[PDB]
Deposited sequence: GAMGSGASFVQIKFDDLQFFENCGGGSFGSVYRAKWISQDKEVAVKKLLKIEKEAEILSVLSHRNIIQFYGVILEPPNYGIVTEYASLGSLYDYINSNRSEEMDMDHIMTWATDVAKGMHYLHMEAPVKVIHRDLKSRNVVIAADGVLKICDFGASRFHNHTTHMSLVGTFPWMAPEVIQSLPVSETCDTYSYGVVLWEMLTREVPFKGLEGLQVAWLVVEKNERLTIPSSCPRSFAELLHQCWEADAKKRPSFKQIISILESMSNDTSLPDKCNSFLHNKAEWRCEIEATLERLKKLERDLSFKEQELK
């Protein structure tokens, strides 16, 4: 639990402009490192237990600021921004199957670490594309994995998050590690379609559809069966039927040995002008049904 002085940080944006949980890009002056700083109401000493987590696919802890009223957590800064912002930009047009496979494996490997390999078992509960960021060499890094335990006030809006939330999380039901499998499924769908899940729908409406109606995001008819089946396994209503992250990694490895899949997936990825209408038709249907 290395302490970093507030005076040892150069902030690049003003740090008084955000809600708790806001993250600011900063320079750690004494170490000449670019860092992220999350603003917190206060920091539990017990958060020490997460300070020892370390994996190439999770954001790296650096220290804590402990000078009331200024509290925060300092981590590495991933130079290329959030996965969400990348996906929903025109830059994601450069993604091919090898790109998606690498990034899907990155996130699955970080979550497997959190669930099974870390000194403390971590169930994220808030995994989403805005909580994954891209390092300078393209490695993805999961953020906010300690929020649900140690600074729940940062997480809650909640309406924004309902596309990524497992039904059992939405209902405050018994929750297992496979709530993160469901969320990961959504992140994979975002990478494949490069669309905002349930775009333009009210969050309460999403939660209702997902929980009571077993509604799930539209998988385009031309999506390769291997990806579609993986999405369906992640999205099972019964959380005990969802795959672990070890199983997901195994599936990804089997898909990477399928010599027919690069052509099928790249053709699907570059065919967005044709299948985008299948997603928009579902959204029109869902919006009209609410009316």
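No C-alpha positions are given for the deposited-sequence stretches 1 to 8, 165, 301 to 310.
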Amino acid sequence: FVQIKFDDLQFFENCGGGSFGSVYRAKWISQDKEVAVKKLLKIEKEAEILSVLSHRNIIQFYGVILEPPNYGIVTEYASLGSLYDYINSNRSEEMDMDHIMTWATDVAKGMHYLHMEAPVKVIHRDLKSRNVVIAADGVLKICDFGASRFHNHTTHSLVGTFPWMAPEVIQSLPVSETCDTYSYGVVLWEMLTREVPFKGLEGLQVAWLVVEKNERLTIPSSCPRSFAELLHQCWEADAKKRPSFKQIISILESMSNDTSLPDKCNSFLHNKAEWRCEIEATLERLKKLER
From here on, numbers count along this sequence of modelled residues.
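Between two forms, the rigid core is the largest collection of C-alphas that superpose within 1.5 Å.
Fitting each structure in 5 other deposited structures of this protein onto the rigid core and averaging C-alpha distances over structures and residues, 142 to 150 emerges as the more displaced of 126 to 134 and 142 to 150.
Core superposition of the other structures onto this form places the C-alphas of 9 to 17 farther off in 5 other deposited structures of this protein than those of the other stretch among 9 to 17 and 272 to 280. Higher mean CA temperature factor between 273 to 281 and 9 to 17: 9 to 17, per the PDB entry.
Taking the PDB entry as given, 112 to 120 carries the higher mean Cα B factor of the two stretches 112 to 120 and 187 to 195. Considering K128, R216, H99, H151 together, the PDB entry gives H151 the largest C-alpha B factor. Per the PDB record, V159 has a higher Cα B-factor than any other of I73, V210, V133, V159. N88 sits in the middle third of its chain by CA B factor, as recorded in the PDB entry. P174 sits in the highest third of its chain by CA B factor, as recorded in the PDB entry. In the deposited entry, the Cα temperature factor of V52 places it in the highest third of its chain's modelled residues. Among the modelled residues of its chain, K38 has a C-alpha B-factor that falls in the lowest third according to the deposited record. Annotation for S244: C-alpha temperature factor in the lowest third relative to the rest of the modelled chain, per the entry.
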